[PDB]
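Listed here are the chains, written in short residue letters.
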There are 6 protein chains.
Amino acid sequence: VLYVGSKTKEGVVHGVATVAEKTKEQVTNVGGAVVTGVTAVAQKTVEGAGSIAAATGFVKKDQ
Amino acid sequence: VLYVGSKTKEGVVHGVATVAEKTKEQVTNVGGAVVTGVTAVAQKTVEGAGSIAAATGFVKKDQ
Amino acid sequence: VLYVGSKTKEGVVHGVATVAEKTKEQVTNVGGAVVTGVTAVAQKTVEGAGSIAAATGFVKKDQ
Amino acid sequence: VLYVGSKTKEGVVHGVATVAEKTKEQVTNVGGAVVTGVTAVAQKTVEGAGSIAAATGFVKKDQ
Amino acid sequence: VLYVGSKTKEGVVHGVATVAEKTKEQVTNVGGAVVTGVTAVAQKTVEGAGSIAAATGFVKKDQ
Amino acid sequence: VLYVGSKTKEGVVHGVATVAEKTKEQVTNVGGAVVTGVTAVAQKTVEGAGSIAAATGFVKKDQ
């Protein structure tokens, strides 16, 4: 018995109950980015950059 | 018994109950990006960049 | 018994119950990108960049 | 326009999301009654006795 | 316009999200009554006795 | 416009989110009554006796 990786739990979501009552919901975007309504998300990365809900703007490079 | 990778659980979502009552819901986009309504998502990456709900804008490169 | 990869669970979604009542739902796009309504999605990548719901804008390269 | 019975809603269940993870579940009965696991039930009675989940025991009448 | 019964809502359940994780669950009954696990139930009665989850015992009548 | 019964809401349950994690749960009954786990229940009665979760014992009548 070495158990280098034994019974683990990483990057895990469980047992989520959610209600959302909304009569009106609007999103208006003119350029850029909008991220809305992220729920019950799990991720695991090995040797990388992990972004869950990352809104980024204009990425310009002018020479 | 070495169990290098034994009984694990990574990048996992389980047991999610969700209700969403919305009489109206609009999204208006003019250029750029919009990400909405991501639920119960799981991902695992090995040697890579993992993005779940990533809205990015204009990626320009001018020379 | 070496069990290098034993009984594992990665990039997994299970046991999801979802209700969505919406009388009206509109999406208006004029250029760019829109991603909406992603639910119960699982992915695993090995040596790659994994994106689940990634809206990206104008990717220009001018010389 | 009299609208004696207009747009009503009585004895109604709507928009229910439910998850139930149970590895083991036993019921042992020796006489009597057992009622278990009633979900999302609606009833309307007019001039009567309405019982949804009513477990009753030995109803004896000896003379 | 009299609207004796106009737009009403009585005996109504809506928008319920529920999760239940139970590794073991036992019920042992020896005579009598047991009522368990009633969820999202609606009832309306007119001129009657309404019981939702009513466990009653031995109803004896001896003469 | 008389609006004897206008837009009302009576005996109503809405917008309930519930999680319940229980590794073990036992009920042992020997005669009598047991009522457990009633959630999100609505009732309306007109000219009657309304009981939601009413456990009653031995109802004897001896002559």
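The structure under discussion appears in the preceding block.
Read on for a plain summary of the structure. (Residues numbered from 1 in each chain as written, not as in the entry; some residues may be left out. Chains lettered and ligands numbered in written order. Heavy atoms only, no water.)

**Describing the pattern of salt bridges**
Between side chains of opposite charge, a pair can form when the charged atoms approach closely. Inspection of every chain in the model, using the stated rule, returns 16 salt bridges over all chains. The residue B:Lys44 makes a salt bridge to C:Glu10 at a minimum N-O spacing of 2.3 Å. Here C:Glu10 lies in strand β1 (residues 10-22) and B:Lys44 lies in strand β3 (residues 33-46), a pairing that spans two chains. A network of salt bridges, in which partner residues are shared, links A:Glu10, A:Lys44, B:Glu10, B:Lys44, C:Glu10 and C:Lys44. (Salt bridge = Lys/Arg side-chain N within 4 Å of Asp/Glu carboxyl O. Helix = DSSP H or I, 4+ residues; strand = E, 2+ residues; numbered from the N terminus.)

**Notes on the sheet that holds strand β1 (residues 10-22) of chain D**
The three strands are arranged β1(D)-β1(E)-β1(F) in an open sheet whose pairing can be described as parallel. Strands with a single pairing partner mark the edges of an open sheet, and in this sheet they are β1 of chain D together with β1 (10-22) of chain F. For this sheet the average axis-to-axis angle between neighbouring strands, irrespective of direction, equals 0°. Pairing of strand β1 (residues 10-22) of chain E with β1(F), which is carried by eleven bridges, proceeds in the parallel orientation. Within β1(F), the residue paired with E:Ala20 across the bridge is F:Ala20. (Pairing = 2+ DSSP bridges. Axes fitted to C-alpha atoms, helices over the stretch in contact; angles between N-to-C directions.)

**Topic: the interface of chain F and chain A**
Tallying the contact residues gives seven residues for chain F and six residues for chain A. Together, F:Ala17, F:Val19 and F:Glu21 form the three largest contributors to the area buried by chain F at its contact with chain A, with a combined 61%. Our enumeration of links across chain F and chain A arrives at zero salt bridges. Our enumeration of links across chain F and chain A arrives at one residue pair in polar contact. Grouping the amino acids of the side of chain F that touches chain A by side-chain chemistry returns three nonpolar, three polar and one charged. (Contact = heavy atoms within 4.5 Å. Buried area = accessible area lost by both parts, 1.4 Å probe. Polar contact = N/O pair within 3.5 Å; in protein donor to acceptor, adjacent residues only side chain to side chain. Nonpolar A, V, L, I, M, F, W, Y, C, P; charged D, E, K, R; others polar.)

**Notes on the arrangement of the chains**
Chain C makes no contact with chain A, the minimum C-alpha separation between the two being 8 Å. When C-alpha atoms are compared, chain D and chain F, though not in contact, are closest at a spacing of 8 Å.

**Quick word on the relation of the copies chain F and chain A**
Rotating chain F by 180° and moving it 2.4 Å along the rotation axis overlays it on chain A with an RMSD of 0.0 Å. Both copies present the same face, since 86% of the interface residues in chain F are matched by interface residues at the equivalent positions in chain A. (Least-squares fit on C-alpha atoms.)

**With respect to the interface of chain A and chain B**
Between chain A and chain B, the residue contacts involve 63 residues of the former and 63 residues of the latter. Here chain A and chain B share an interface that buries about 4,700 Å² over both sides, 47% of which is from carbon and sulfur atoms. It is A:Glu25, A:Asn29 and A:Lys44 in chain A that bury the most area against chain B; as a group they hold 10% of the surface buried on that side. Summed over the shared surface of chain A and chain B, the result is one salt bridge. Run the count over chain A and chain B and you get 66 residue pairs in polar contact. Counting residues per element, the ones that place at least two in the side of chain A that touches chain B are β1 (10-22), β2 (26-30) and β3 (33-46) of chain A. A total of 14 residues in the side of chain A that touches chain B trace back to one element, the largest contributor, which is β3(A). Residue composition of the side of chain A that touches chain B, by class: 27 nonpolar, 24 polar and twelve charged. Two strands pair when backbone bridges link them, and β3(A) and β3(B) are joined in this way by twelve bridges, in the parallel orientation. For A:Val35, the partnering residue across the bridge sits in β3(B) and is B:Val35.

**A short note on a positive patch on the surface**
Together, A:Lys7, A:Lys9, B:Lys7, C:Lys7 and C:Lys9 line one region of the surface with positive charge. Structurally, A:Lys7 can be placed in the segment before β1. With relative accessibility at 65%, the residue A:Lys7 sits in the exposed group. (Patch = residues over 30% accessible without salt bridge, like charges linked within 9 Å, V, L, I, M, F, W, Y side chains within 5 Å. Areas by Shrake-Rupley, 256 points an atom, 1.4 Å probe, with all protein chains shown as cover. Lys, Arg positive; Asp, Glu negative; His and termini not counted. Charge placed at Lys NZ, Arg CZ, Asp CG, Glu CD. Buried < 20%, exposed > 50% of the residue type's maximum accessible area, 1.4 Å probe, protein only.)

**A word on the environment of E:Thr36**
Its location among the elements puts E:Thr36 in strand β3 (residues 33-46). For E:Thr36, a relative accessible area of 6% gives the class buried. E:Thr36 sits 17 residues away from E:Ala53 along the chain, and the two C-alpha atoms are 8.3 Å apart. Apart from the residues within four sequence positions on either side, E:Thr36 is in contact with D:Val35, D:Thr36, D:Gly37, E:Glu25, E:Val27 and F:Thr36.

**Description of the sheet that holds strand β3 (residues 33-46) of chain F**
Spatially, three strands are ordered β3(D)-β3(E)-β3(F) in an open sheet, and the strand pairing comes out parallel. The open sheet is flanked by β3 (33-46) of chain D together with β3 of chain F, the only strands paired with a single partner. Each strand axis lies, on average, 0° off the axis of its neighbour in the sheet, ignoring direction.

**With respect to the side chain of A:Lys44**
Overall, A:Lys44 belongs to the buried group, its relative accessible area being 17%. Among the polar contacts listed, one links the side chain of A:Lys44 to the side chain of A:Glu10, at a separation of 2.2 Å. Setting aside anything within four residues of it in sequence, one finds A:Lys44 in contact with A:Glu10, B:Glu10, B:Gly11, B:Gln43, B:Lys44 and B:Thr45.

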